[PDB]
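Okay, here we've got a single chain as structure tokens, the form deposited in one PDB entry, with questions on binding and movement later.
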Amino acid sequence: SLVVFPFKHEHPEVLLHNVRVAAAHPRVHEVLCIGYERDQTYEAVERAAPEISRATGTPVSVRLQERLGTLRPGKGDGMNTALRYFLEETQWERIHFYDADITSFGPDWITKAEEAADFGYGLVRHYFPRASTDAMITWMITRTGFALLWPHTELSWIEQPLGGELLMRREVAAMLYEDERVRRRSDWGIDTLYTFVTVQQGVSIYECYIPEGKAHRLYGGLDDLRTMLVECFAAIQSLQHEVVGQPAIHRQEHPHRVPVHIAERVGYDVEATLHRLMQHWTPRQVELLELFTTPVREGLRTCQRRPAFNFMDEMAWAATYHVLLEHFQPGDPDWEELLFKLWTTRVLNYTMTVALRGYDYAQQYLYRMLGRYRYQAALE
């Protein structure tokens, strides 16, 4: 069973630790390492690869990601390349996928996934405890969108639809690789496409939990997440007229208690995010806001002079999400920048009205937020 590791610019030590863990496992029959470019990180893994495939017995190869899609060359080209090598150049029946930077990795990840895949699941998906102010794309964009567009389906119930940690058996991989929509998704939008089309095609999905597991992403402003945001939203927008059957088997490993050190985590720099909400304005962005409801139009125009976000409550965000679905133009610098400020005001609003009330209150909220969105869409 193949085990793929997409990397780019990560410290090669951590990666190579995870690759050793993988090759040692008695249920892993090959390891593939798909780099972004021929940098020093990649050069390091290419020299290390002959060594690990000798001590452990299992072969380990390294390849550059190919240009398979039509958007930005990113995560999507890397994962779809792994698919091409899995189907066309080997004959294994199971492929794993793990982020390279994961310092929390262990043998318990790979075993659980293979163990669940024995019950016959086409797709096993890992999911971990996340801080109340992390995962804001997941919650306010991916899950909210799935809730508002496909409330009766399993889509919005998937815990971490942007997650790169998963297993997929051969038929499932082959189906995704042949699918024109996922093939062209060469950027951050790929995880959204794997998730959406597996559910649409009736693939049965287990979700593995991981008690404690994640590499605390970097403390900066919400700016750092800007590219991922506009691409993840575009992905959902591109799927908005698709139809999805209700039936699809879906189960999820019970979540163990969130460890303290994750519940006590802050997901972003509040000051930098407020400052950034006042930057990069343009007369067209002000013109384009006329398309939104009055409180949102008025609210965000205030951000030219001072930070504003109390306006962007749960309802305001839904109303804003519908307008974005209709009018957002991927690749348009003004539309991309407005999405980023709007989403920012939502993150700030939720942070001070919800997160600030404590990690528990944040979890109950977020599950219940999806519930009301589900209900509001089913009605209309």
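For every residue, the number given is its place in the sequence shown, counted from 1.
Below, we refer to the form deposited with a small molecule bound, which is not included among the displayed structures.
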Going by heavy atom distances of 4.5 angstroms or less, which of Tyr268, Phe146, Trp109, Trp188 would be at the interface with the small molecule in the deposited bound form?
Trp188
Among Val124, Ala100, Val203, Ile158, which has any heavy atom within 4.5 Å of the small molecule in the deposited bound form?
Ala100
Would you check, heavy atoms only and a 4.5 Å threshold, whether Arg374 touches the small molecule in the deposited bound form?
no
At the 4.5 Å heavy atom threshold, is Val347 in contact with the small molecule in the deposited bound form?
no
Residue contact check: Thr320 to the small molecule in the deposited bound form, 4.5 Å heavy atom
no
So in the deposited bound form, does any heavy atom of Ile34 sit within 4.5 Å of the small molecule?
yes
Looking at 84 to 92, 301 to 309, 211 to 219, 288 to 296, which one sits within 4.5 Å of the small molecule in the deposited bound form if you count heavy atoms only?
211 to 219
